[PDB]
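Enquirer: This is the content of query_23.cif (mmCIF, C-alpha atoms and all ligand atoms):
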data_coords
#
loop_
_atom_site.label_atom_id
_atom_site.label_comp_id
_atom_site.auth_asym_id
_atom_site.auth_seq_id
_atom_site.Cartn_x
_atom_site.Cartn_y
_atom_site.Cartn_z
CA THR R 17 0.00 0.00 0.00
CA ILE R 18 2.79 2.41 0.97
CA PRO R 19 5.54 2.81 -1.65
CA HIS R 20 9.05 1.98 -0.44
CA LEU R 21 11.80 4.25 -1.76
CA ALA R 22 15.56 3.91 -1.37
CA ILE R 23 16.13 7.68 -1.46
CA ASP R 24 18.44 8.75 1.37
CA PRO R 25 17.35 12.29 2.38
CA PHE R 26 20.56 12.51 4.44
CA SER R 27 23.06 11.82 1.65
CA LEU R 28 25.36 14.40 0.09
CA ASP R 29 23.79 13.84 -3.33
CA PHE R 30 20.39 14.68 -1.83
CA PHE R 31 21.76 17.82 -0.16
CA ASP R 32 23.40 18.83 -3.45
CA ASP R 33 20.10 18.82 -5.37
CA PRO R 34 17.04 17.62 -3.41
CA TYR R 35 14.32 18.94 -5.71
CA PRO R 36 14.12 15.99 -8.16
CA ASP R 37 14.01 13.39 -5.38
CA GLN R 38 11.48 15.60 -3.60
CA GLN R 39 9.14 15.41 -6.59
CA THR R 40 9.73 11.65 -6.65
CA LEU R 41 8.70 11.57 -2.99
CA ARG R 42 5.65 13.79 -3.50
CA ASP R 43 4.40 11.90 -6.56
CA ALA R 44 4.96 8.41 -5.14
CA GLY R 45 2.10 9.03 -2.71
CA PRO R 46 1.00 11.05 0.32
CA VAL R 47 2.94 8.68 2.61
CA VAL R 48 6.10 6.78 1.65
CA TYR R 49 8.43 4.47 3.56
CA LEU R 50 12.17 5.15 3.38
CA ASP R 51 13.91 1.77 3.61
CA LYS R 52 17.27 3.49 4.12
CA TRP R 53 16.35 4.59 7.65
CA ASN R 54 13.11 2.70 8.47
CA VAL R 55 11.03 5.88 8.76
CA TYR R 56 7.85 7.11 7.13
CA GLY R 57 8.00 10.12 4.84
CA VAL R 58 5.55 12.83 3.83
CA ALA R 59 6.61 15.32 1.15
CA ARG R 60 3.35 17.00 0.09
CA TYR R 61 2.13 20.21 1.68
CA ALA R 62 -1.14 18.60 2.78
CA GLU R 63 0.39 15.80 4.86
CA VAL R 64 3.24 17.96 6.21
CA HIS R 65 0.72 20.53 7.42
CA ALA R 66 -1.54 17.84 8.88
CA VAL R 67 1.28 16.19 10.84
CA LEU R 68 2.52 19.51 12.23
CA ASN R 69 -0.99 20.42 13.42
CA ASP R 70 -1.72 17.09 15.15
CA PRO R 71 0.77 17.26 18.05
CA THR R 72 -1.09 14.62 20.09
CA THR R 73 -0.70 11.94 17.41
CA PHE R 74 2.69 13.12 16.08
CA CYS R 75 4.51 14.07 19.26
CA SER R 76 7.80 15.92 19.69
CA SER R 77 8.71 14.61 23.17
CA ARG R 78 10.29 11.49 21.62
CA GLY R 79 12.62 13.70 19.56
CA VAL R 80 12.28 15.66 16.32
CA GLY R 81 15.30 13.87 14.87
CA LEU R 82 15.70 10.28 13.77
CA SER R 83 16.60 9.11 17.28
CA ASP R 84 13.61 7.98 19.34
CA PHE R 85 14.15 9.34 22.86
CA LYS R 86 12.14 6.37 24.16
CA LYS R 87 14.76 4.00 22.68
CA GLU R 88 18.03 5.97 22.82
CA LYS R 89 19.48 8.60 25.12
CA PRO R 90 19.45 12.17 23.76
CA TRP R 91 22.94 13.49 23.04
CA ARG R 92 22.05 16.37 25.40
CA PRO R 93 19.33 17.04 27.98
CA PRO R 94 16.05 17.31 26.05
CA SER R 95 14.88 20.78 25.09
CA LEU R 96 12.07 21.98 27.34
CA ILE R 97 10.15 23.44 24.37
CA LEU R 98 11.27 21.80 21.12
CA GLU R 99 11.29 18.25 22.52
CA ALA R 100 8.19 18.55 24.71
CA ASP R 101 4.46 18.11 24.14
CA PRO R 102 1.49 19.97 25.63
CA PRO R 103 0.94 20.63 28.45
CA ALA R 104 4.63 20.50 29.44
CA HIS R 105 5.38 22.57 26.32
CA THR R 106 2.80 25.27 26.98
CA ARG R 107 4.34 27.39 29.72
CA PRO R 108 7.94 27.37 28.42
CA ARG R 109 6.44 28.24 25.04
CA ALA R 110 4.59 31.24 26.50
CA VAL R 111 7.75 32.56 28.18
CA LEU R 112 9.84 32.51 25.00
CA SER R 113 6.79 33.95 23.25
CA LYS R 114 6.86 36.93 25.62
CA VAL R 115 10.66 37.28 25.56
CA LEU R 116 10.57 37.38 21.74
CA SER R 117 7.31 39.31 21.58
CA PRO R 118 6.13 42.12 19.30
CA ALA R 119 6.80 44.56 22.15
CA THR R 120 10.34 43.19 22.40
CA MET R 121 10.94 43.78 18.68
CA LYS R 122 10.39 47.52 19.16
CA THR R 123 13.30 47.75 21.61
CA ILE R 124 15.85 46.21 19.20
CA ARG R 125 14.69 47.23 15.72
CA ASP R 126 16.64 50.50 15.55
CA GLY R 127 19.89 48.77 16.50
CA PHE R 128 19.22 45.84 14.18
CA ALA R 129 18.43 48.16 11.26
CA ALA R 130 21.44 50.41 11.88
CA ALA R 131 23.70 47.35 12.07
CA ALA R 132 22.33 46.11 8.74
CA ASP R 133 22.83 49.45 6.99
CA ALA R 134 26.36 49.72 8.38
CA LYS R 135 27.25 46.24 7.13
CA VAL R 136 25.95 46.93 3.62
CA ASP R 137 27.87 50.21 3.51
CA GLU R 138 30.99 48.36 4.67
CA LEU R 139 30.54 45.62 2.07
CA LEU R 140 30.06 48.16 -0.73
CA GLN R 141 33.47 49.62 0.14
CA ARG R 142 35.02 46.21 -0.58
CA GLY R 143 32.93 45.47 -3.68
CA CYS R 144 33.73 41.77 -4.07
CA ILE R 145 32.71 39.94 -0.89
CA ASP R 146 31.52 36.52 0.28
CA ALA R 147 27.78 36.85 0.89
CA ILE R 148 27.99 34.02 3.46
CA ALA R 149 30.99 34.82 5.65
CA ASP R 150 30.84 38.60 5.18
CA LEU R 151 27.05 39.03 5.20
CA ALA R 152 24.93 35.97 5.99
CA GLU R 153 27.17 35.10 8.95
CA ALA R 154 28.66 38.52 9.76
CA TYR R 155 25.39 40.40 10.28
CA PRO R 156 23.55 37.93 12.57
CA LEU R 157 26.74 37.61 14.63
CA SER R 158 26.83 41.40 15.03
CA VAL R 159 23.29 41.65 16.46
CA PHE R 160 22.04 38.33 17.83
CA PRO R 161 24.75 37.43 20.40
CA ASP R 162 24.49 41.00 21.72
CA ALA R 163 20.70 40.74 21.79
CA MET R 164 21.14 37.55 23.83
CA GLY R 165 23.28 39.46 26.32
CA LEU R 166 26.31 37.25 25.68
CA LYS R 167 29.84 38.25 26.58
CA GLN R 168 32.41 38.73 23.83
CA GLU R 169 34.56 35.79 24.94
CA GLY R 170 33.98 32.49 23.18
CA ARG R 171 31.41 33.48 20.55
CA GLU R 172 33.35 31.35 18.03
CA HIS R 173 31.58 28.36 19.63
CA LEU R 174 28.12 29.58 18.58
CA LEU R 175 27.99 28.56 14.92
CA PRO R 176 29.76 25.21 15.54
CA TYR R 177 27.24 24.45 18.29
CA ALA R 178 24.24 25.33 16.12
CA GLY R 179 25.49 23.16 13.26
CA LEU R 180 25.97 20.34 15.76
CA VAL R 181 22.38 20.68 17.00
CA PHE R 182 20.87 20.33 13.54
CA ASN R 183 23.27 17.62 12.38
CA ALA R 184 22.13 15.66 15.45
CA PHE R 185 18.54 15.69 14.20
CA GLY R 186 19.78 13.41 11.42
CA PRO R 187 20.64 9.71 11.36
CA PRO R 188 23.90 8.34 12.80
CA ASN R 189 25.87 9.10 9.63
CA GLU R 190 29.28 10.72 9.30
CA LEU R 191 27.86 14.25 9.60
CA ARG R 192 26.22 13.43 12.93
CA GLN R 193 28.98 11.29 14.46
CA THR R 194 31.68 13.80 13.55
CA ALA R 195 29.70 16.73 14.96
CA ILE R 196 29.03 15.01 18.29
CA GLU R 197 32.67 13.89 18.41
CA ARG R 198 34.01 17.47 18.26
CA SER R 199 31.21 18.83 20.47
CA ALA R 200 32.48 18.87 24.09
CA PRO R 201 34.08 22.37 24.00
CA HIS R 202 30.96 23.87 22.41
CA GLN R 203 28.58 22.33 24.96
CA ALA R 204 30.70 23.62 27.85
CA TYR R 205 30.71 27.16 26.47
CA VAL R 206 26.99 27.22 25.63
CA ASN R 207 25.86 25.68 28.92
CA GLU R 208 28.04 28.10 30.90
CA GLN R 209 26.63 31.19 29.16
CA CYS R 210 23.11 29.96 30.01
CA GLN R 211 23.66 30.74 33.71
CA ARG R 212 22.03 33.96 34.90
CA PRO R 213 25.26 35.70 36.06
CA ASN R 214 26.71 35.42 32.53
CA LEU R 215 23.82 37.13 30.68
CA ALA R 216 23.90 40.91 30.35
CA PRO R 217 20.84 42.75 31.73
CA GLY R 218 18.14 43.64 29.23
CA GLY R 219 19.08 40.78 26.89
CA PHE R 220 17.06 37.79 25.77
CA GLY R 221 18.82 35.49 28.23
CA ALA R 222 18.36 37.78 31.23
CA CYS R 223 14.69 38.21 30.28
CA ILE R 224 14.25 34.43 30.32
CA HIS R 225 15.64 34.18 33.85
CA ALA R 226 13.44 37.14 34.85
CA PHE R 227 10.33 35.07 34.01
CA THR R 228 11.20 32.57 36.75
CA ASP R 229 9.13 34.71 39.16
CA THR R 230 5.75 34.23 37.50
CA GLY R 231 5.13 30.51 37.97
CA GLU R 232 5.47 29.77 34.25
CA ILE R 233 9.02 28.41 34.57
CA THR R 234 11.18 27.70 37.58
CA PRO R 235 14.76 28.99 37.91
CA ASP R 236 16.22 25.58 37.04
CA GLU R 237 14.34 25.67 33.71
CA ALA R 238 15.74 29.03 32.58
CA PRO R 239 19.22 27.83 31.50
CA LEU R 240 17.79 25.23 29.11
CA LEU R 241 15.49 27.87 27.60
CA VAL R 242 18.46 30.18 27.01
CA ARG R 243 20.12 27.13 25.45
CA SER R 244 17.10 26.94 23.13
CA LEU R 245 17.70 30.44 21.76
CA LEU R 246 21.43 29.81 21.27
CA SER R 247 20.57 26.57 19.45
CA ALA R 248 17.76 27.83 17.21
CA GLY R 249 18.27 31.53 16.54
CA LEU R 250 21.67 31.95 14.86
CA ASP R 251 22.46 29.28 12.25
CA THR R 252 18.88 29.33 10.91
CA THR R 253 18.87 33.09 10.29
CA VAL R 254 22.33 32.82 8.70
CA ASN R 255 21.03 30.37 6.10
CA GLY R 256 17.82 32.37 5.71
CA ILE R 257 19.69 35.59 4.92
CA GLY R 258 22.08 33.74 2.61
CA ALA R 259 19.14 32.21 0.76
CA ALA R 260 17.64 35.68 0.30
CA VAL R 261 20.85 37.11 -1.17
CA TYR R 262 21.20 33.93 -3.24
CA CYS R 263 17.70 34.41 -4.68
CA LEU R 264 18.34 38.10 -5.38
CA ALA R 265 21.58 37.12 -7.14
CA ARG R 266 19.83 34.53 -9.34
CA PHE R 267 16.64 36.57 -9.95
CA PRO R 268 17.84 40.07 -10.91
CA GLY R 269 14.30 41.04 -11.87
CA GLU R 270 13.22 40.57 -8.26
CA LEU R 271 16.13 42.64 -6.95
CA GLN R 272 15.03 45.43 -9.29
CA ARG R 273 11.47 45.16 -7.97
CA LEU R 274 12.75 45.25 -4.39
CA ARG R 275 14.84 48.35 -5.13
CA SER R 276 11.79 50.11 -6.58
CA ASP R 277 9.82 49.38 -3.38
CA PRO R 278 11.98 48.63 -0.33
CA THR R 279 8.79 48.01 1.67
CA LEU R 280 8.74 44.60 -0.05
CA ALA R 281 11.85 43.70 1.98
CA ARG R 282 9.90 41.74 4.59
CA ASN R 283 7.97 39.67 2.04
CA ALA R 284 11.10 39.21 -0.07
CA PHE R 285 12.69 37.53 2.95
CA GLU R 286 9.56 35.51 3.73
CA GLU R 287 9.53 34.28 0.12
CA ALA R 288 13.20 33.35 0.46
CA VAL R 289 12.34 31.25 3.52
CA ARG R 290 9.73 29.39 1.47
CA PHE R 291 11.92 29.14 -1.62
CA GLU R 292 15.08 27.82 0.11
CA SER R 293 13.67 26.96 3.57
CA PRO R 294 16.70 26.89 5.91
CA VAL R 295 15.27 23.85 7.75
CA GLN R 296 14.62 21.19 5.12
CA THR R 297 13.39 18.26 7.24
CA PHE R 298 12.63 17.12 10.77
CA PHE R 299 10.71 14.34 12.51
CA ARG R 300 7.65 13.48 14.55
CA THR R 301 6.92 10.22 16.39
CA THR R 302 3.49 8.60 16.30
CA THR R 303 1.89 7.99 19.69
CA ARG R 304 -0.73 5.62 18.23
CA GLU R 305 -1.82 3.84 15.09
CA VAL R 306 -2.95 6.59 12.72
CA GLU R 307 -4.35 6.78 9.20
CA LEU R 308 -2.44 9.36 7.12
CA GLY R 309 -3.33 9.74 3.45
CA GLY R 310 -4.80 6.26 3.15
CA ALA R 311 -1.81 4.60 4.85
CA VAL R 312 -1.93 3.13 8.35
CA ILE R 313 1.11 4.07 10.45
CA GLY R 314 1.76 2.10 13.61
CA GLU R 315 2.55 3.47 17.04
CA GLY R 316 6.05 4.63 17.91
CA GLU R 317 7.04 5.24 14.28
CA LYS R 318 9.21 8.11 13.10
CA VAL R 319 7.67 10.35 10.44
CA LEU R 320 10.02 12.49 8.34
CA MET R 321 8.54 15.76 7.09
CA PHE R 322 10.02 17.45 4.01
CA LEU R 323 9.38 21.11 4.82
CA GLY R 324 11.18 22.47 1.77
CA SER R 325 9.32 20.03 -0.47
CA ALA R 326 6.00 21.09 1.06
CA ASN R 327 6.96 24.69 0.24
CA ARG R 328 7.40 23.74 -3.45
CA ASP R 329 4.40 21.38 -3.77
CA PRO R 330 2.57 22.38 -6.99
CA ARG R 331 -0.60 20.99 -5.38
CA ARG R 332 -0.39 24.04 -3.08
CA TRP R 333 1.70 26.71 -4.85
CA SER R 334 1.49 28.33 -8.27
CA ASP R 335 4.92 28.29 -9.95
CA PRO R 336 6.55 26.93 -6.76
CA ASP R 337 10.03 26.97 -8.35
CA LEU R 338 9.88 30.73 -8.98
CA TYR R 339 11.16 33.29 -6.47
CA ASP R 340 8.41 35.94 -6.34
CA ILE R 341 8.73 38.68 -3.72
CA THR R 342 5.07 39.69 -4.20
CA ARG R 343 3.76 36.13 -3.74
CA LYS R 344 1.22 35.56 -0.98
CA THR R 345 3.47 33.39 1.18
CA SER R 346 1.00 32.92 4.04
CA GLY R 347 0.80 29.19 4.75
CA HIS R 348 4.38 28.18 3.99
CA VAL R 349 5.95 25.87 6.56
CA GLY R 350 9.47 27.33 6.57
CA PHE R 351 8.84 28.31 10.20
CA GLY R 352 6.78 25.23 10.99
CA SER R 353 3.09 25.26 11.84
CA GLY R 354 0.91 24.67 14.88
CA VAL R 355 1.90 24.79 18.53
CA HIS R 356 5.65 24.61 17.78
CA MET R 357 5.74 27.18 14.96
CA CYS R 358 9.08 28.97 15.39
CA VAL R 359 8.67 31.15 18.48
CA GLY R 360 11.60 33.28 17.30
CA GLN R 361 10.07 34.02 13.90
CA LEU R 362 9.75 37.72 14.73
CA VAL R 363 13.50 37.97 15.33
CA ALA R 364 14.21 36.10 12.09
CA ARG R 365 11.88 38.35 10.08
CA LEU R 366 13.36 41.49 11.66
CA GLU R 367 16.92 40.51 10.72
CA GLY R 368 15.91 39.51 7.21
CA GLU R 369 13.77 42.59 6.58
CA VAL R 370 16.28 45.21 7.75
CA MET R 371 19.05 43.49 5.78
CA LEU R 372 17.06 43.21 2.55
CA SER R 373 15.93 46.79 3.17
CA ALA R 374 19.55 47.97 3.37
CA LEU R 375 20.30 46.09 0.15
CA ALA R 376 17.19 47.50 -1.54
CA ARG R 377 18.24 51.09 -0.75
CA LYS R 378 22.01 50.85 -1.32
CA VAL R 379 22.72 48.13 -3.91
CA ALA R 380 22.10 48.28 -7.66
CA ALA R 381 23.23 44.78 -8.68
CA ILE R 382 24.37 41.52 -7.10
CA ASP R 383 26.44 39.35 -9.45
CA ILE R 384 27.99 35.98 -8.65
CA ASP R 385 31.69 36.25 -9.50
CA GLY R 386 33.10 33.05 -8.03
CA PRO R 387 32.60 29.36 -7.29
CA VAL R 388 29.46 28.74 -5.24
CA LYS R 389 30.05 26.18 -2.47
CA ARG R 390 27.24 24.45 -0.60
CA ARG R 391 27.24 23.77 3.14
CA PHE R 392 26.17 20.25 4.08
CA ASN R 393 24.01 19.52 7.13
CA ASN R 394 21.56 16.75 7.97
CA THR R 395 18.63 19.16 8.40
CA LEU R 396 19.83 22.66 7.40
CA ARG R 397 20.10 23.94 3.83
CA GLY R 398 22.52 26.77 3.11
CA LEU R 399 25.66 27.83 1.30
CA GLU R 400 29.29 27.68 2.43
CA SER R 401 30.44 30.50 0.13
CA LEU R 402 28.61 32.95 -2.15
CA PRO R 403 31.15 35.13 -3.99
CA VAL R 404 29.29 38.19 -5.26
CA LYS R 405 30.09 41.65 -6.57
CA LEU R 406 27.93 44.41 -5.09
CA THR R 407 27.32 47.42 -7.34
CA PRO R 408 26.40 50.55 -5.36
CA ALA R 409 23.08 52.17 -6.20
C1 LIG J 501 15.06 31.76 9.00
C2 LIG J 501 15.08 31.70 10.33
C3 LIG J 501 14.41 30.53 11.11
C4 LIG J 501 13.83 29.43 10.61
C5 LIG J 501 13.70 29.05 9.12
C6 LIG J 501 13.35 28.64 11.72
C7 LIG J 501 12.69 27.42 11.65
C8 LIG J 501 11.99 26.82 12.67
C9 LIG J 501 11.01 25.76 12.54
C10 LIG J 501 10.57 25.09 11.21
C11 LIG J 501 10.56 25.45 13.76
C12 LIG J 501 9.50 24.36 14.08
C13 LIG J 501 10.18 23.13 14.67
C14 LIG J 501 9.15 22.08 14.99
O1 LIG J 501 7.94 22.33 14.74
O2 LIG J 501 9.53 21.00 15.50
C15 LIG J 501 11.23 26.31 14.72
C16 LIG J 501 11.06 26.32 16.08
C17 LIG J 501 11.76 27.12 16.97
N1 LIG J 501 12.58 28.18 16.64
FE1 LIG J 501 13.03 28.79 14.78
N2 LIG J 501 13.66 29.31 12.89
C18 LIG J 501 14.32 30.48 12.55
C19 LIG J 501 14.79 31.43 13.43
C20 LIG J 501 14.73 31.36 14.80
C21 LIG J 501 15.17 32.37 15.74
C22 LIG J 501 15.80 33.72 15.34
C23 LIG J 501 14.94 31.91 16.98
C24 LIG J 501 15.24 32.63 18.31
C25 LIG J 501 15.74 33.87 18.36
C26 LIG J 501 14.34 30.60 16.87
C27 LIG J 501 13.95 29.79 17.91
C28 LIG J 501 13.09 28.71 17.81
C29 LIG J 501 12.55 27.94 18.92
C30 LIG J 501 12.85 28.18 20.42
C31 LIG J 501 11.76 26.99 18.41
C32 LIG J 501 10.97 25.94 19.22
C33 LIG J 501 9.53 26.42 19.30
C34 LIG J 501 8.65 25.36 19.92
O3 LIG J 501 9.07 24.18 19.95
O4 LIG J 501 7.54 25.72 20.39
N3 LIG J 501 14.23 30.29 15.53
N4 LIG J 501 12.09 27.13 14.01
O1 LIG J 502 17.07 23.84 21.74
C1 LIG J 502 15.92 24.11 21.32
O2 LIG J 502 14.90 24.22 22.05
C2 LIG J 502 15.73 24.31 19.79
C3 LIG J 502 14.53 24.79 19.27
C4 LIG J 502 14.35 24.98 17.89
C5 LIG J 502 15.38 24.68 17.00
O3 LIG J 502 15.22 24.84 15.63
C6 LIG J 502 14.63 23.84 14.88
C7 LIG J 502 14.83 22.50 15.25
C8 LIG J 502 14.24 21.48 14.51
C9 LIG J 502 13.45 21.76 13.40
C10 LIG J 502 13.25 23.10 13.04
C11 LIG J 502 13.83 24.13 13.77
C12 LIG J 502 16.59 24.18 17.51
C13 LIG J 502 16.75 24.01 18.89
CL CL J 503 24.60 21.82 25.18
#
Transcribe the structure of this file into structure tokens.
Ligand code: HEM
Ligand SMILES: O=C(O)c1ccc(Oc2ccccc2)cc1
Ligand SMILES: [Cl-]
Expert:
Amino acid sequence: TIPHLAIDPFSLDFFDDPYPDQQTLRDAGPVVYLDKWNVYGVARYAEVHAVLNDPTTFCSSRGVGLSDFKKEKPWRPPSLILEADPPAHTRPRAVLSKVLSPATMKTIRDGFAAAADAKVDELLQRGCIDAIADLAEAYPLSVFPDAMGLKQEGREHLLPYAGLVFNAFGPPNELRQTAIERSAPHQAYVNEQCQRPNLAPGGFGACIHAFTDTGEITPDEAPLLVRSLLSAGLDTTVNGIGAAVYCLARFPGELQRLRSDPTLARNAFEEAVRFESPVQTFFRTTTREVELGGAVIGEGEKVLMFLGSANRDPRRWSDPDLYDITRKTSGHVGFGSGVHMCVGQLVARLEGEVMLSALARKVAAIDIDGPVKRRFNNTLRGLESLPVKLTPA
């Protein structure tokens, strides 16, 4: 009843060009079985959205990676929000929701926007830059660690730790084993900065500890929630911003439209998240026998969702393979959907908007002038290097 495919969604050939195999997965049926890893797969928008919005049947407490927390030990203490189900998820979710709230965005926007304009002005003085190292990575590093209230010492551990986290959502392949092997120094740094004394006042981390008074979280829960922001809020935005610049470099017509109306900056970034969703796949675990698209899935089974595929499903999107900054992107799953939908999505959109805004107002052309190198990760999609020439407006 369920088609069995040998496609390995965690192979380098899949990372290099996943779109053909993703059509193969979508067109094989609403639910496939991946013999490579003994997990169910759903690649269409309909089933991806259904799974995300049924948290009771497709839980997150048994891990959102391949590993089933009920069968193996998590490589680190489980996240109190990402790897938890309602009701345990509810109160930690509400705290991070308030820490990263609309009101909070107003306190940091000016500094985030100024930092983005300064970076673009700096990059235009150099002309030929690497849109990843010098922009996609440089800008988020200049605003997010400071917004967290982190000290200057040891920030080099942040990106290695984030890449570890997302590699660990994948199967026990080379990418995962190597990341966990080299991980000890990054865990020590991250865990230490999660302690209240090490977080500068007024920052995201200090605000998390400040919510230990309300009865929503206890003091011993705050460090892990700071750990959540250091795990989820840097590497994702880096790939998101890189994807946006990548799209603008490949679709010059859309850059010209963005220039003519910089107020499209926010939707241009949202479209980039749909087009090259930074998080390509993650898992749920069934808590019971469930019928999904005509297929019966047993209890305790891992279900792999193809978020990027769902964002290019022609059953849902018109011209899904076109980057369109005026597209109505509402409904894309680049940030997830349901109770776990990225609680830091307002920070991500703020960084992306103000950066694309700076580009829209200051840059006339973005031309690739060097070898493009991809960055391989079990669950993240992004570039290693994007050599571009920036022409001032
Ligand atoms: C382009 C940027 C980003 C993308 C594409 C992204 C993607 C996602 C996705 C798809 C989920 C859902 C995971 C699931 O349902 O299992 C998620 C959850 C989450 N994200 Fe993001 N994210 C981004 C930026 C950020 C930022 C900036 C932060 C913090 C500052 C953050 C923190 C979190 C947290 C804490 C969760 C867990 C929410 C929960 O489990 O209730 N993310 N993210
Ligand atoms: O440590 C945490 O709580 C945490 C939360 C969210 C993260 O981003 C993801 C993870 C899986 C799938 C999509 C986004 C990563 C870590
Ligand atoms: Cl850790």
Enquirer: I want to know what sits within 12 Å of residue 391 of chain R, based on only C-alpha atoms, with residues of the same chain fewer than 2 positions away left out; could you give that as JSON, numbers by chain?
Expert: {"R": [28, 31, 32, 148, 149, 179, 183, 191, 251, 254, 255, 258, 259, 294, 388, 389, 393, 394, 395, 396, 397, 398, 399, 400, 401, 402]}
Enquirer: Assuming 8 Å of padding per side, give the centre and edge lengths of the axis-aligned box around every listed atom of ligand LIG 501 (chain J), in Å to one decimal and as AutoDock Vina command-line options.
Expert:
--center_x 11.7 --center_y 27.4 --center_z 14.7 --size_x 24.3 --size_y 28.9 --size_z 27.4
Enquirer: If we count all atoms listed in the file and set the cut-off at 8 Å, which residues sit around residue 79 of chain R, ignoring sequence neighbours fewer than 5 positions away in its own chain? Please answer as a ChimeraX atom specification.
Expert: /R:84-85,99,299-301
Enquirer: Of the candidates R:70, R:281, R:26, R:379, which shows the shortest atom-to-atom distance to residue 407 of chain R, using all atoms listed in the file?
Expert: R:379
Enquirer: For the interface of chain R with ligand LIG 502 (chain J) (cut-off 6 Å, counting all atoms listed in the file), please tabulate each contacting residue of chain R alongside its nearest pair of atoms and their separation in Å to one decimal, rows sorted by chain and increasing number, as JSON lines.
Expert:
{"residue": "R:95", "atom": "CA", "partner": "J:LIG502", "partner_atom": "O2", "distance": 4.6}
{"residue": "R:97", "atom": "CA", "partner": "J:LIG502", "partner_atom": "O2", "distance": 5.3}
{"residue": "R:98", "atom": "CA", "partner": "J:LIG502", "partner_atom": "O2", "distance": 4.5}
{"residue": "R:243", "atom": "CA", "partner": "J:LIG502", "partner_atom": "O1", "distance": 5.8}
{"residue": "R:244", "atom": "CA", "partner": "J:LIG502", "partner_atom": "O1", "distance": 3.4}
{"residue": "R:247", "atom": "CA", "partner": "J:LIG502", "partner_atom": "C13", "distance": 4.6}
{"residue": "R:248", "atom": "CA", "partner": "J:LIG502", "partner_atom": "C12", "distance": 3.8}
{"residue": "R:295", "atom": "CA", "partner": "J:LIG502", "partner_atom": "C10", "distance": 5.7}
{"residue": "R:298", "atom": "CA", "partner": "J:LIG502", "partner_atom": "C9", "distance": 5.4}
Enquirer: Using all atoms listed in the file, which residues of chain R come within 12 Å of ligand CL 503 (chain J), and what is the closest atom pair for each, with the distance in Å to one decimal? Give it as JSON lines, sorted by chain and residue number.
Expert:
{"residue": "R:90", "atom": "CA", "partner": "J:CL503", "partner_atom": "CL", "distance": 11.0}
{"residue": "R:91", "atom": "CA", "partner": "J:CL503", "partner_atom": "CL", "distance": 8.8}
{"residue": "R:92", "atom": "CA", "partner": "J:CL503", "partner_atom": "CL", "distance": 6.0}
{"residue": "R:93", "atom": "CA", "partner": "J:CL503", "partner_atom": "CL", "distance": 7.6}
{"residue": "R:94", "atom": "CA", "partner": "J:CL503", "partner_atom": "CL", "distance": 9.7}
{"residue": "R:95", "atom": "CA", "partner": "J:CL503", "partner_atom": "CL", "distance": 9.8}
{"residue": "R:173", "atom": "CA", "partner": "J:CL503", "partner_atom": "CL", "distance": 11.1}
{"residue": "R:174", "atom": "CA", "partner": "J:CL503", "partner_atom": "CL", "distance": 10.8}
{"residue": "R:176", "atom": "CA", "partner": "J:CL503", "partner_atom": "CL", "distance": 11.4}
{"residue": "R:177", "atom": "CA", "partner": "J:CL503", "partner_atom": "CL", "distance": 7.8}
{"residue": "R:178", "atom": "CA", "partner": "J:CL503", "partner_atom": "CL", "distance": 9.7}
{"residue": "R:180", "atom": "CA", "partner": "J:CL503", "partner_atom": "CL", "distance": 9.6}
{"residue": "R:181", "atom": "CA", "partner": "J:CL503", "partner_atom": "CL", "distance": 8.6}
{"residue": "R:184", "atom": "CA", "partner": "J:CL503", "partner_atom": "CL", "distance": 11.8}
{"residue": "R:196", "atom": "CA", "partner": "J:CL503", "partner_atom": "CL", "distance": 10.7}
{"residue": "R:199", "atom": "CA", "partner": "J:CL503", "partner_atom": "CL", "distance": 8.6}
{"residue": "R:200", "atom": "CA", "partner": "J:CL503", "partner_atom": "CL", "distance": 8.5}
{"residue": "R:201", "atom": "CA", "partner": "J:CL503", "partner_atom": "CL", "distance": 9.6}
{"residue": "R:202", "atom": "CA", "partner": "J:CL503", "partner_atom": "CL", "distance": 7.2}
{"residue": "R:203", "atom": "CA", "partner": "J:CL503", "partner_atom": "CL", "distance": 4.0}
{"residue": "R:204", "atom": "CA", "partner": "J:CL503", "partner_atom": "CL", "distance": 6.9}
{"residue": "R:205", "atom": "CA", "partner": "J:CL503", "partner_atom": "CL", "distance": 8.2}
{"residue": "R:206", "atom": "CA", "partner": "J:CL503", "partner_atom": "CL", "distance": 5.9}
{"residue": "R:207", "atom": "CA", "partner": "J:CL503", "partner_atom": "CL", "distance": 5.5}
{"residue": "R:208", "atom": "CA", "partner": "J:CL503", "partner_atom": "CL", "distance": 9.2}
{"residue": "R:209", "atom": "CA", "partner": "J:CL503", "partner_atom": "CL", "distance": 10.4}
{"residue": "R:210", "atom": "CA", "partner": "J:CL503", "partner_atom": "CL", "distance": 9.6}
{"residue": "R:239", "atom": "CA", "partner": "J:CL503", "partner_atom": "CL", "distance": 10.2}
{"residue": "R:240", "atom": "CA", "partner": "J:CL503", "partner_atom": "CL", "distance": 8.6}
{"residue": "R:241", "atom": "CA", "partner": "J:CL503", "partner_atom": "CL", "distance": 11.2}
{"residue": "R:242", "atom": "CA", "partner": "J:CL503", "partner_atom": "CL", "distance": 10.5}
{"residue": "R:243", "atom": "CA", "partner": "J:CL503", "partner_atom": "CL", "distance": 7.0}
{"residue": "R:244", "atom": "CA", "partner": "J:CL503", "partner_atom": "CL", "distance": 9.3}
{"residue": "R:245", "atom": "CA", "partner": "J:CL503", "partner_atom": "CL", "distance": 11.6}
{"residue": "R:246", "atom": "CA", "partner": "J:CL503", "partner_atom": "CL", "distance": 9.4}
{"residue": "R:247", "atom": "CA", "partner": "J:CL503", "partner_atom": "CL", "distance": 8.5}
